[PDB]
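Q: Below: one structure in structure tokens.
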Amino acid sequence: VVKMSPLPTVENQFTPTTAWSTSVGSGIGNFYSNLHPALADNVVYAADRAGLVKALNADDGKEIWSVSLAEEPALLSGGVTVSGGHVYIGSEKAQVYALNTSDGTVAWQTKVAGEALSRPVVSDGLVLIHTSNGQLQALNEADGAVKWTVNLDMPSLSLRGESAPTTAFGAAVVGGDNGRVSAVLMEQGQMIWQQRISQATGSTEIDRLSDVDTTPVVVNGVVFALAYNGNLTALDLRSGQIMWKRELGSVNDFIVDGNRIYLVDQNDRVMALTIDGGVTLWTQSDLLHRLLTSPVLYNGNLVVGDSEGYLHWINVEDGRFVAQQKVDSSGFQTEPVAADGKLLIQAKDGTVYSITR
Amino acid sequence: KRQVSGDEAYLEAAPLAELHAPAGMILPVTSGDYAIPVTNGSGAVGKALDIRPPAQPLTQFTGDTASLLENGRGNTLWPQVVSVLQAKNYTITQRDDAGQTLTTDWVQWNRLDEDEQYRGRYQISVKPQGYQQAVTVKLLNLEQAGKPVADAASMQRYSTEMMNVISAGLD
Amino acid sequence: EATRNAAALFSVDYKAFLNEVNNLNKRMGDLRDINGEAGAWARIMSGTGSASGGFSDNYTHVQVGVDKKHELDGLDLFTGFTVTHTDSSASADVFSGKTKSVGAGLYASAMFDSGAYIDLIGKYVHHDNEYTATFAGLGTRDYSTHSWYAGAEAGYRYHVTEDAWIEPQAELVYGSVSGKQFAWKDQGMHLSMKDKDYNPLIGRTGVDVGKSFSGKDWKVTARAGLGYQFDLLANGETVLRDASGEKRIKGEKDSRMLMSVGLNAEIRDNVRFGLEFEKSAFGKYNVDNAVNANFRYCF
Amino acid sequence: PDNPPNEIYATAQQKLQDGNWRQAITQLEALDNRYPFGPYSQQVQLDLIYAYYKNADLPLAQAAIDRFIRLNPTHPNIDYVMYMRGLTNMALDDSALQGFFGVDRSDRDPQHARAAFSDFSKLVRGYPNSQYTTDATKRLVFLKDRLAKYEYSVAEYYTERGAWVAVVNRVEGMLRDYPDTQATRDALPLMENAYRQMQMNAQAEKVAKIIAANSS
Amino acid sequence: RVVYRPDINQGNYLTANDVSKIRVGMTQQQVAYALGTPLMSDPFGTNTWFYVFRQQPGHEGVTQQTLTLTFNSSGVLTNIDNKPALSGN
Amino acid sequence: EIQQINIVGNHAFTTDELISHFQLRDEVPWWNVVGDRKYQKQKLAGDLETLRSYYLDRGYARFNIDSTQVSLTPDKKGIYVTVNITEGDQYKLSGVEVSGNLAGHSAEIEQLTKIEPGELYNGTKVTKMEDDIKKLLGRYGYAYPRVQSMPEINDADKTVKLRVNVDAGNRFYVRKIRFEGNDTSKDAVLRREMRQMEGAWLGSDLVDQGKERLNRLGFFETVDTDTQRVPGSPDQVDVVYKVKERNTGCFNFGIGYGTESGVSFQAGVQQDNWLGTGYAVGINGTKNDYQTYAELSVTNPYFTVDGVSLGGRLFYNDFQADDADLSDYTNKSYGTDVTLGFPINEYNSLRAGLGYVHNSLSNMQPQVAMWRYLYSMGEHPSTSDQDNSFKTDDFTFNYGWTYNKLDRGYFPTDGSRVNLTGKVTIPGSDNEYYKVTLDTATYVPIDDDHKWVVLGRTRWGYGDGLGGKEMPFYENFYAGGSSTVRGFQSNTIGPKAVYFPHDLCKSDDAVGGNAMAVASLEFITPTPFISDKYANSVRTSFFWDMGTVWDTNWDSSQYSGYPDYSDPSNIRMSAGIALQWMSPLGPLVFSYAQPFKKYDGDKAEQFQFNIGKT
């Protein structure tokens, strides 16, 4: 295709090496989802696309248990979430699995109405899953027991990778496939308020995505959302009011530094924005349209991936390619995870690679 | 060339004769659209008809009309007509009354082939003050062509076309 | 006798090369009058000839092919593939045989805005003959060989008039054919004749005038002219050993002349008409060609 | 290339005079599409009509007639355009090798003749004071006789087969639309025979009566 | 002789029930509704109507049935006539 | 480019076999490039409808598409499509009932609606019921009935009952039948083929048979029926047969001025439809220092208006081949015949007639078969010498039987055509014999598209003399070439003449065997390199051919040294690819065949270029 893919510049200030590799199996492959593991008591829980799932020991990469959930394949979609002594998973075949960690056999299996693209989340004794149809469901941990199914509206053009709701003050907020970010009180299933921060600033809706599918992050009262067509918005939890707006947006994954906020543009443009006015700090143009992943904070620095398998490092001030890493030649399409001062990046066949600094 | 493409077979058509019902009899024939209105002749039939685009004036050309209809020194057409009557046609108007601007020309023998030997006539011209621009008539006289004298709606337009195109050239 | 008979077959092979030799607007179609670089053409002919000593022959060549390319800035070059099949029958004083050859190759051409055009072609074929002669005790035998034919040509079209163009042209072609070695020990004596690979070359300069009227009123693409062909190289070397002694033979050059052709007038979108001319060179070597004229009227 | 219209138009009419319809129409189309709203491009369209008609490009001639009549519903030269449309239909109808062998193209498809008759009828009804009316009327007579012959042939076949009421309907329509042709006069005996074969002679005496009245 | 002569039908057909619906003293419109539109009428002189049923299965005697309905020139039924035909050949 | 398709929400069938029926494809299989992997919304909807049908056809009546979602990767390169459904449950066809103002044909509808009890619902058979009930009501002449179907469902009993309401409407009659497009052929030739007689009650089957017969006439490239009601009376319909006339017949001419042959002259015309008159006229001739051949033939298929045809021919064949004495003999054959024929039903025709022939042959090359023939004639000339002359004249009676049911007139896609031709002598003729030949061509497709089809050709022939006699050799069968076993050579298979010394010398040339039998199987597939418009103008076939011809009179005892010729077991076998092209110049063929099981004297010609007939 006629699309510019600039080469990565060479810069180095320190050498990080891979702590270990895993090679769980035929994982994400050429698909696209939010398969990222979870860490608990120095044990990571990696999930394989083909129904396999393996727990691994940290700092040594030692297999703990590994079981397959084949049906036929399984097509796991949701991310890895852990609560109590159990892990919860959603699959593309419209099913949800509750596994009991070390045992491996599913503690309880139930069905859901639609694909479980949304990253599973546990909150207030209920797990919230957003199906790829315009519905969100609250499930009980005992055995299924769908608490409610809140309906949503969406046009037949929405990009996948749906938003992950977040809870605060007993109410869970989640974005919409048309921009209608909404809040729902998560004990009875009633929808309080919503607003469309995504402005259809184009000619015809066919080329306009204009949807938000990324998880919001709450700080006191402020919270954020990011639509594909742009429309960055700061909005407050009390109701549908907007403190400030910006016409850059175009992000699907972002983090907060407490004082600064990072983002990744469609053209692969990364800037740091402030709380009040959202003024850019710097930018990087080494990799344009190279499909980098979310940046993650680590020891006062930022770590990012790419669709070429060339891991990149960014300084917290003005940015700098402190280190560039090469571990796979096919690329990365996963979401980075950091915990206990350790970084893990998923691959297709080598799957999880744990790095050392 | 110069005629219709097809043969003249239809010229030999059978006569169109109707029929009459007898006593105590009706006839429903008058119930269609295939009715041929009666019309006089005096028209060029067979290959004698000259199918050829009716060249437009390039205004008023209902009959032999050749009046001139935006110009201020519009009187400059008469010296231009003198230039036209100069090497342009090598023919000074028969009555070049430029003072009265009634520069009536003389019959000529201009030719344009089309299986015609020559076709020239005295395109009489007079310049009144009518319409927006300085008016100047181009009313032709009897057209000669190969015939001694003859005139037709298209034929008169042919001679008038010569006055039409040349006068418009002055623009 | 035996030595001269092979030379006639080599001359027939030269004639086969001569039969393979054709024009630029005929073998691969006219470089012009075809608007699309993508097009399919063919070549069907049936020639004849004779020489002193009863060496007569008649050949029929049927070839097809296609080409496909795009446009450029000033030169609309095109190229494509083609296949060919030739079959000939010849008779001699005490020799008579039929030969055939199936082959595949590629063709290319390029014309400039100044009227000058160039063309090239290259084809590999598997030619097998089967003939019977009673001299040398050989009798009847069939032999096969691989023939790589390479040809280049060019022409300078002059826009003499709207229906006349005197276009000089010149061509050069070289071909490689592996020879055949055989001993006549079946008759009792060795009489072994060995022929090596032949890589002869030949050029040709031709002046022609083509008149191409159109509109279906005349629609006659007549083409008169003449050409002279000279064999640059001739590698028909054969070494023969027998009771009398050892002898060697080698090829000879050419000084041949060729005349014009027929009318070839396709009148309408449903009819056709054409003719061809043959050169009856009786005085020189009793040479000749094949001439015909026909046309097809389909309702 | 483009230039002042003087030279291009002059060359256009000059090669029209020479009769080179190919180059004439190429030039005219180029000039028209170059200046789609020129000062007197209507003359160019009329020349397009003439070139199509004389070059045997009849479908394009018909299309250009339709376009011109749509763009110019009223003009001092509509009669010429309609006459050319009728001529186009006429010429499309009758021309083939049967012209060489002299075979009456009478029982062939009549659709083109019907359209030509309709257009000539429109013209003659419109402007009887024009100059093409006499030739038009002669063509009307020829076309009407042709249609009558076609219907006569159909009736003849249907009688030959034995379908004794389809013939009645055909000849009755023939009478209802072609009151003054030879075909109906010759087809009246077909009426007589058909009515005879139905064992209902009551109309057959009336048919014989009208036949005797108009036979003379 | 013996050659294949295809079957031929030559008019609007009718049955006994269709005939029984007919009574003198009704208008053209609804009788046409009852019996269908006549195919062969008489525009000569009177405007009477015919209903002919013909069937020739090929190499068999033709079967005919004629129903002639004569009307006044106003739009109502004047009188009727039926004929099983089959007279002569 | 599309990436993934999912039918999540089902627990009755596997995803793969369900998506197999989709025209849209999610991934290319390994060892083929048959299909593509793009995204098209309209065919997504089409495949959705197909999925709906493939659930409703097995008693899943309570099925409905809950939703369908199409999405995109956040890279605008790969697309996923999901469908969420409701399977429902299995159901059984409770029964069928009929109702409405149906016509007196209730028995036919009731019989046609009968369904085996205890079986489950299937929408395909139901749709077939409405379609063919409409066809039935149209056969008696109800072109516009209205039918409705209601599937009442009792879930508590797992039953579905169908209530079908039928409204016949009104009778329909044809007012006129008008043709369009026939520029040249007279209206008579098209009208005489009809079966829906004008001025009568309409029959849809009659119109269909009429269009089929126009197709089978064989000089119309395309024909389309259209039935439309007049805007006048409530019940009257006009019928139109929109045709598009094609080319047929060719006039050809040529001259062969050359040294080795002097002057050769060739000319001729052959039309199956002369100027639209409907006749069939074929005349041709050629003159040469070795050849003087000419023939003339004229046939009228409609001498009388029932189907009766009358046709005759004459021919002069005094070629006088003299030079080089290469398996040739001086011969003048002049003759004529006249025949008449008639149909016996809608699809079968008989034909018969009489013929006169005369043949004079002199200076015959010696070979055993012809010497035996002459000995049977009662003449005993010298073996080594070749100077005798033989004059003969024959009265003869010939006959034929033809069955023809083809979807089209030339390279069709259905039906079968068989033709038997018998040729007997009668008393008063010098020769006493008879000869029977038979041809058969059966076309059978594999799908309703009628683009892929299998073809079976069979040819048989056998004859003999009577009263202790034998036919002349010059009227014997032959094999090899197009319209026969392909690729071998023009007339190469059969017994080979045994030359007497001038001991016996074998000849490569053939004399034709008294008993011939060949067969052929062809796959016919479209041409991928041809656009849509010309798609129905060419034909590509893969052919497998077998054949065998021999002489049933072969005294193998007297010449047992040479190979036996009375053995039919010596089968031949070839195969290859044939390309039939229809051109403004006519029909052409092109075959590149490789013989599999071949014999001596094959003279293999892997490139045949027959023109005409095809």
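Protein chains in written order, with PDB author numbering: chain B, 29 to 99, 107 to 392; chain C, 32 to 89, 97 to 107, 109 to 210; chain P, 1002 to 1300; chain D, 28 to 243; chain E, 25 to 113; chain A, 176 to 677, 698 to 809.
Every residue, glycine too, gets a C-beta built ideally from N, C-alpha and C.
Can you list, in chain order, the stretches of the beta strand (DSSP E) that have 3 or more residues and sit fully within the region 1042-1080 of chain P?
A: For the region 1042-1080 of chain P, whole beta strand (DSSP E) runs of length 3 or above, ordered along the chain, are 1057-1068.
Q: For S180 (chain D), return the contacting residues in chain A, with the cut-off set at a CB-CB distance below 9 Å.
A: Going along chain A in sequence order, the residues near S180 (chain D) (Cβ under 9 Å) are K361, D362 and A363.
Q: In chain A, what lies closer than 9 Å to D1289 (chain P) by C-beta?
A: The contacting residues are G433, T434 and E435.
Q: From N180 (chain C) to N241 (chain D), what distance separates their C-alpha atoms?
A: Their Cα atoms are separated by approximately 55 Å.
Q: Distance check for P1169 (chain P) and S198 (chain C), CA to CA, integer angstroms please.
A: Roughly 52 Å separates the two Cα atoms.
Q: If we cut at 8 Å on Cβ distances, does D410 (chain A) have a partner in chain D?
A: No, because no Cβ of chain D sits closer than 8 Å to the Cβ of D410 (chain A).
Q: Three-state secondary structure (DSSP) at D1289 (chain P)?
A: Coil at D1289 (chain P), not helix or strand.
Q: From the beta carbon of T38 (chain D), is the nearest beta carbon of chain C less than 8 Å away?
A: It does not: the Cβ of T38 (chain D) has no partner Cβ on chain C nearer than 8 Å.
Q: List, in order along the chain, the chain A residues whose C-beta lies closer than 7 Å to that of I104 (chain E)?
A: Near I104 (chain E) there are no residues of chain A at all, since even the closest Cβ is about 20 Å away, more than 7 Å.
Q: Any idea which residues DSSP pairs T309 (chain B) with across the strands?
A: In the DSSP output, where bridge partners are listed per residue, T309 (chain B) has B:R295.
Q: Examine chain B for any beta-carbon lying closer than 8 Å to the beta-carbon of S195 (chain A), and answer yes or no.
A: Chain B contact via Cβ: absent.
Q: Buried or exposed for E150 (chain B), please, with buried defined as at least 16 other CB atoms from any protein chain shown within 10 angstroms of its CB.
A: The residue is buried, with at least 16 neighbouring Cβ atoms inside 10 Å.
Q: Just to check, is the beta-carbon of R391 (chain A) closer than 7 Å to a non-hydrogen atom of the ligand NAD?
A: The model depicted lacks the ligand NAD and carries no ligand whatsoever.
Q: Taking C-beta pairs closer than 8 Å, name the residues in chain D that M56 (chain C) reaches, listed in chain order.
A: Within chain D, the residues near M56 (chain C) are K233, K236, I237 and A240.
Q: Please list, in chain order, all residues of the same chain as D213 (chain D) whose beta carbon is under 7 Å from its beta carbon, the five residues on each side excluded.
A: Counting only Cβ-Cβ distances below 7 Å, and skipping sequence neighbours, we find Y179.
Q: Decide if residue 1330 (chain P) is buried, meaning its Cβ has at least 16 other Cβ atoms within 10 Å, or exposed.
A: Lying outside 1002 to 1300, the shown extent of chain P, residue 1330 (chain P) is not represented and no answer is given.
Q: Check this for me: beta carbons of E1131 (chain P) and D1143 (chain P), under 8 Å apart or not?
A: Cβ distance < 8 Å, so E1131 (chain P) and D1143 (chain P) count as in contact.
Q: Would you say the region 623-638 of chain A touches the region 553-570 of chain A, given that touching needs at least three Cβ pairs under 8 Å?
A: No, the region 623-638 of chain A does not touch the region 553-570 of chain A.
Q: Can you name the residues that DSSP bridges to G57 (chain B)?
A: BP columns for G57 (chain B) are empty, so no partner.
Q: My guess is that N1271 (chain P) and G1050 (chain P) are in contact by the Cβ rule of under 8 Å, so how many angstroms apart are they, rounded?
A: Contact doesn't hold; Cβ gap of about 35 Å is too wide.
Q: Quick check: is the beta carbon of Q403 (chain A) nearer than 8 Å to any beta carbon in chain B?
A: Not an interface residue.
Q: What alpha helix (DSSP H) runs, 4 residues minimum, are completely inside the region 155-198 of chain C?
A: The qualifying runs do not exist here; there are none.
Q: Which one of C:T140, C:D144 and C:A126 has the shortest CA to CA distance from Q133 (chain C)?
A: It is C:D144 whose Cα lies nearest to the Cα of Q133 (chain C).
Q: Which whole-angstrom value describes the C-beta separation of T190 (chain A) and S269 (chain A), a residue pair presumed to lie in contact below a C-beta threshold of 8 Å?
A: Incorrect: roughly 32 Å between the Cβ atoms, too far for contact.
Q: Compare the beta carbon distance of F1300 (chain P) and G424 (chain A) with 8 Å and say whether it is the shorter of the two.
A: Yes, these two residues count as a Cβ contact at 8 Å.
Q: Examine the Cβ distances between the region 26-35 of chain E and the region 52-61 of chain E and report whether three or more of them are shorter than 8 Å.
A: The region 26-35 of chain E, when compared against the region 52-61 of chain E, does not touch it at the 8 Å Cβ threshold.
Q: Going by beta carbon distance, what residues of the same chain come within less than 6 Å of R1158 (chain P), once the five residues before and after it are set aside?
A: Cβ neighbours of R1158 (chain P) beyond the five flanking positions: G1116, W1166 and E1168.
Q: Kindly list, in the order they appear in chain C, the residues whose Cβ is closer than 9 Å to that of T53 (chain D).
A: Within 9 Å Cβ-Cβ: nothing; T53 (chain D) doesn't reach chain C, min ~17 Å.
Q: Pick out whichever of B:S153, B:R231 and B:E343 has its Cα sitting closest to the Cα of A269 (chain B).
A: When only C-alpha atoms are compared, the closest one is B:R231.
Q: So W546 (chain A) is in the alpha helix (DSSP H); what residue range does that whole segment cover?
A: First-last of the alpha helix (DSSP H) with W546 (chain A): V543 to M552.
Q: What residue range does the beta strand (DSSP E) around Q80 (chain E) cover?
A: Start and end: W73 to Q80.
Q: Is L187 (chain B) helix, strand or coil when you go by DSSP?
A: DSSP places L187 (chain B) in coil when its eight states are reduced to three.
Q: Between which two residues does the beta strand (DSSP E) carrying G530 (chain A) extend?
A: Run containing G530 (chain A): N523 to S537, per the beta strand (DSSP E) assignment.
Q: Can you tell which of P:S1261, P:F1231, P:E1247 and P:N1200 has its C-alpha closest to the C-alpha of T1222 (chain P)?
A: Per the Cα distances, P:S1261.
Q: For chain E, check one thing: does any of its Cβ atoms lie closer than 8 Å to the Cβ of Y574 (chain A)?
A: Output row for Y574 (chain A): interface = no.
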